[PDB]
Amino acid sequence: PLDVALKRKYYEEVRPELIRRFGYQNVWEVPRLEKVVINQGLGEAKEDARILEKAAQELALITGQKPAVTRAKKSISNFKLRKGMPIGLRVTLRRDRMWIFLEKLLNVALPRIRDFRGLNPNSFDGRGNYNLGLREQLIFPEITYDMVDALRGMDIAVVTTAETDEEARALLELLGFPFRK
Amino acid sequence: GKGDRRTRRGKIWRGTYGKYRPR
Amino acid sequence: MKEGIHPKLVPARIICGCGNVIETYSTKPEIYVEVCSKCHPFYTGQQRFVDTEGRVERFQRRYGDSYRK
Amino acid sequence: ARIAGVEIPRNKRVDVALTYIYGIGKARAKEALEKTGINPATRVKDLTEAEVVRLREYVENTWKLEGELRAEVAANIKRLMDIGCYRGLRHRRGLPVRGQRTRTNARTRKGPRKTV
Amino acid sequence: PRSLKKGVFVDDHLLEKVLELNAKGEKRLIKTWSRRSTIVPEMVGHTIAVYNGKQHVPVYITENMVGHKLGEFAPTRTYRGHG
RNA sequence: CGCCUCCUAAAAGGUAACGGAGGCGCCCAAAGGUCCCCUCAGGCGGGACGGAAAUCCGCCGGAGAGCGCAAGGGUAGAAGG
RNA sequence: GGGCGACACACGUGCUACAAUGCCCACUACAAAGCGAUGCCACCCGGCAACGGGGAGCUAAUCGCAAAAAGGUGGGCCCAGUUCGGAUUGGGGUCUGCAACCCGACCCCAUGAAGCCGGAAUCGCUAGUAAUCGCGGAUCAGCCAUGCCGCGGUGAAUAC
RNA sequence: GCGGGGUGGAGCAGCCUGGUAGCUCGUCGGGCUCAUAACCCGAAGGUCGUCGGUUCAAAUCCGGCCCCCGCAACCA
Ligand SMILES: [Mg+2]
Ligand SMILES: [Mg+2]
Ligand SMILES: [Mg+2]
Ligand SMILES: [Mg+2]
Ligand SMILES: [Mg+2]
Ligand SMILES: [Mg+2]
Ligand SMILES: [Mg+2]
Ligand SMILES: [Mg+2]
Ligand SMILES: [Mg+2]
Ligand SMILES: [Mg+2]
Ligand SMILES: [Mg+2]
Ligand SMILES: [Mg+2]
Ligand SMILES: [Mg+2]
Ligand SMILES: [Mg+2]
Ligand SMILES: [Mg+2]
Ligand SMILES: [Mg+2]
Ligand SMILES: [Mg+2]
Ligand SMILES: [Mg+2]
Ligand SMILES: [Mg+2]
Ligand SMILES: [Mg+2]
Ligand SMILES: [Mg+2]
Ligand SMILES: [Mg+2]
Ligand SMILES: [Mg+2]
Ligand SMILES: [Mg+2]
Ligand SMILES: [Mg+2]
Ligand SMILES: [Mg+2]
Ligand SMILES: [Mg+2]
Ligand SMILES: [Mg+2]
Ligand SMILES: [Mg+2]
Ligand SMILES: [Mg+2]
Ligand SMILES: [Mg+2]
Ligand SMILES: [Mg+2]
Ligand SMILES: [Mg+2]
Ligand SMILES: [Mg+2]
Ligand SMILES: [Mg+2]
Ligand SMILES: [Mg+2]
Ligand SMILES: [Mg+2]
Ligand SMILES: [Mg+2]
Ligand SMILES: [Mg+2]
Ligand SMILES: [Mg+2]
Ligand SMILES: [Mg+2]
Ligand SMILES: [Mg+2]
Ligand SMILES: [Mg+2]
Ligand SMILES: [Mg+2]
Ligand SMILES: [Mg+2]
Ligand SMILES: [Mg+2]
Ligand SMILES: [Mg+2]
Ligand SMILES: [Mg+2]
Ligand SMILES: [Zn+2]
């Protein structure tokens, strides 16, 4: 399988330093990444122009993986929502494609972000997972100003094998996540 | 323009000078 | 993976404006960025860009000590 | 976005485009194009990726712009409002600040007329 | 503003009261008619009663509010709105 | 005024009153046959626009969800998707 | 010392505009009436600039205010809420004055709002007029003058 | 006891057929007038009597209570 920088860096620098700080007695005890799930709760495409192949074409370029649909679980009056209506996209990244995405995310995306002052320290699950939001998909390198019709950001969920926020915090900072406080 | 101080026509209006109307 | 629904991954060349080049994989073989991890203000320690201000106000006026005592 | 954090209008002369940035006016435009030796007349679409990064690097490094500019000015009023200055109460009651009559006009600070 | 080449204005008589108290250690009350004055670094922590035309308004000065005039802290008008 | 559900009904079945409460006079070409796979409501925590509530991640949750429509019975070891 | 400068609102008189018969920069023309000895201040220098330090002339057809401006030549903008428009505010300075918080003008950096030609209604002007352009004076330390009293430049349409 | 009804300030629509509150007058701000009326131009205000339920959503469909109009209350 693929040799990439972050995947390599995890085993080489992140792994040992982690075993240092928390002193695990088993290799599998030490924090790992399981999956990063990307989401676009969209729903602007509820009725209107429920043609969002433009964003599925977007997310497919960002992650090299075809997103799946999300549809309404229940109908909602105030939101103008028929049950089963197509209102969002979700792609689940594991293994190599997970690293490659995070790799470009940490090295490129967060920098290009408007007035970036560091990731939110407090967006930590409690069970050692992490979630963050994006206002724009232009934040990535593979999406030029030209090929976009409208601003559409996303939800980003990263799951760890950790049990506490503290091991999770360390695993992620050691990988290269920039926290403000 | 005549209300816009940062122009030639503008400072003639006020009857003052500066970088945007030199003497 | 399924075939015919997936954009294809290839070795990629992300270039920054500091002249950082990043070795990775992508759907596009060559990309240029405006900024990166290697040069960003918040990123590089605490390179406080245009303002190492310390305010400066408000004790800072000090013009001067010439009022009398 | 190109410079700085915003993507200045391509198809305009490089000097005008720059003013489409919060924090850079006509003066600061010719001023950035002096200290970089870039032709004030050329269309933005016709910058070298070299000319780009040079023009880029000066502007971003000399002046506070877009986000942080707004941020300080914000904090500047924030404090003025919070010390209880006269200029503070005027911001906190939303009225004008610079010795204008309020009995008429004053609309730009006040907003559309709340008739009675 | 007050022309930078000249001075930073404080009414002579009030400056002295601050400085007298500085020696002794501050602070009593300071009934004043000195709106034309500048708040000045020696004044921090004192409690000054400024005349707004009507009352003597108690203003605790801080390290943040220095370069201003005194009267900016004694409002001349009472306004609660209309209707 | 016919039909269905519950109670009255006295632990088989049945049981009256101008006793107490509600529903039906339809519907579905899939909401049917079968093979294969899947598990809910809700609570806490986390997440751009995003709200009490859209979609996303985690942990707890035997059924309090769902089963077109009244009610009862049944039911996730499916009759639910 | 404060108020006459307030501000949920309504009206009168105005200023500047919404732009290409226009906006902007450079160079370049042609007025008049006035005004001026702790007054106007040529010119030189420091300053992006307001201004500041020098310093000559003039009781003024002599010297100064002084450039008139629309205009002319050239160049840029290219129909866009814009190189239109310049309100609102942030930051920094000059000056007058004992003193510019309430509550002055001006200069500079940044901010760049409303406004795409105006509902019912309604005003002025018959020719060197209307429209448009600049200049001065009184009051006056400075100035909230876009007001007022004058002065010239360009210069119509129409009255059956 | 049977049928109908409650919606800006007044008086009526919309309810049957669930998603969208309308008409005349009146009120308020402007205009014409010396002034008022009329007339002309703009503009506010009903969360639909309540509490409950059905629904994805109720002025609208279903129940409760409240108040109003009409009719009935006969052989005795
Ligand atoms: Mg946390
Ligand atoms: Mg991008
Ligand atoms: Mg975990
Ligand atoms: Mg302009
Ligand atoms: Mg004009
Ligand atoms: Mg700008
Ligand atoms: Mg005022
Ligand atoms: Mg029958
Ligand atoms: Mg029985
Ligand atoms: Mg029984
Ligand atoms: Mg029985
Ligand atoms: Mg039997
Ligand atoms: Mg089927
Ligand atoms: Mg079935
Ligand atoms: Mg089937
Ligand atoms: Mg749940
Ligand atoms: Mg939640
Ligand atoms: Mg939110
Ligand atoms: Mg939510
Ligand atoms: Mg059930
Ligand atoms: Mg008066
Ligand atoms: Mg008006
Ligand atoms: Mg006026
Ligand atoms: Mg007017
Ligand atoms: Mg605009
Ligand atoms: Mg003042
Ligand atoms: Mg402009
Ligand atoms: Mg507009
Ligand atoms: Mg236009
Ligand atoms: Mg016009
Ligand atoms: Mg007109
Ligand atoms: Mg008419
Ligand atoms: Mg006549
Ligand atoms: Mg005079
Ligand atoms: Mg004067
Ligand atoms: Mg004023
Ligand atoms: Mg004048
Ligand atoms: Mg009514
Ligand atoms: Mg009907
Ligand atoms: Mg209907
Ligand atoms: Mg009226
Ligand atoms: Mg009338
Ligand atoms: Mg429901
Ligand atoms: Mg409704
Ligand atoms: Mg209801
Ligand atoms: Mg309801
Ligand atoms: Mg009812
Ligand atoms: Mg009767
Ligand atoms: Zn870089």
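Residues numbered from 1 in each chain as written, not as in the entry; some residues may be left out. Chains lettered and ligands numbered in written order. Part of a larger assembly, values for the part shown. Heavy atoms only, no water. Residues with missing side-chain atoms left out of burial classes, pairs and counts.

In its metadata, the entry names X-ray crystallography as the structure determination method and reports 2.8000 Å as the resolution.

The PDB entry lists chain D under the name 30S ribosomal protein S13, with Thermus thermophilus HB8 as the source organism. Each PDB entry has a title, and for this one the record gives "Crystal structure of the Bac7(1-16) antimicrobial peptide bound to the Thermus thermophilus 70S ribosome". Per UniProt, the comment on chain D under Sequence similarities is "Belongs to the universal ribosomal protein uS13 family." (UniProt positions renumbered as here; feature names shortened; annotations may be inferred.)

Per the PDB entry, chain C carries the name 50S ribosomal protein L31 and comes from Thermus thermophilus HB8. Under the Subunit heading, UniProt states for chain C: "Part of the 50S ribosomal subunit."

Here we come to the pairing of strand 1 (residues 33–40) of chain A. All names here are of chain A. Pairing between strand 1 and strand 5 (residues 154–160): 6 bridges, direction antiparallel. By the bridge assignment for strand 5, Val37 is matched with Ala157. Note: strand 1 against strand 3 (residues 86–94), 6 bridges, orientation antiparallel. Pairing of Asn39 across the sheet is with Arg90, part of strand 3. (Pairing = 2+ DSSP bridges. Helix = DSSP H or I, 4+ residues; strand = E, 2+ residues; numbered from the N terminus.)

Turning to the UniProt feature "binding site: Zn(2+)" in chain C, a few remarks are in order. Residues and elements named next belong to chain C. UniProt marks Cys16, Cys18, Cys36 and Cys39 with the feature "binding site: Zn(2+)", using the numbering shown here. In summary, the annotated positions, though distributed over 24 residues, converge in three dimensions, the widest C-alpha pair being only 9.1 Å. On the basis of relative accessibility, which here comes to 8%, the residue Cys16 falls in the buried class. If we ignore the near neighbours within four places in the chain, the residues touching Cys16 are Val33, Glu34, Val35, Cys36 and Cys39. (Buried < 20%, exposed > 50% of the residue type's maximum accessible area, 1.4 Å probe, protein only. Contact = heavy atoms within 4.5 Å.)

This brings us to the interface of chain D and chain E. How big an interface is tends to be stated in terms of the accessible area lost upon association of its parts. Contact with chain D, which involves 9 residues of that partner, is made by 8 residues of chain E. Summed over both sides, the interface between chain D and chain E buries roughly 680 Å², with carbon and sulfur atoms accounting for 58% of that surface. Joining chain D to chain E, the criterion identifies 1 residue pair in polar contact. Every element with two or more residues in the side of chain D that touches chain E is listed here: helix 4 (66–83) and helix 5 (86–92) of chain D. (Buried area = accessible area lost by both parts, 1.4 Å probe. Polar contact = N/O pair within 3.5 Å; in protein donor to acceptor, adjacent residues only side chain to side chain.)

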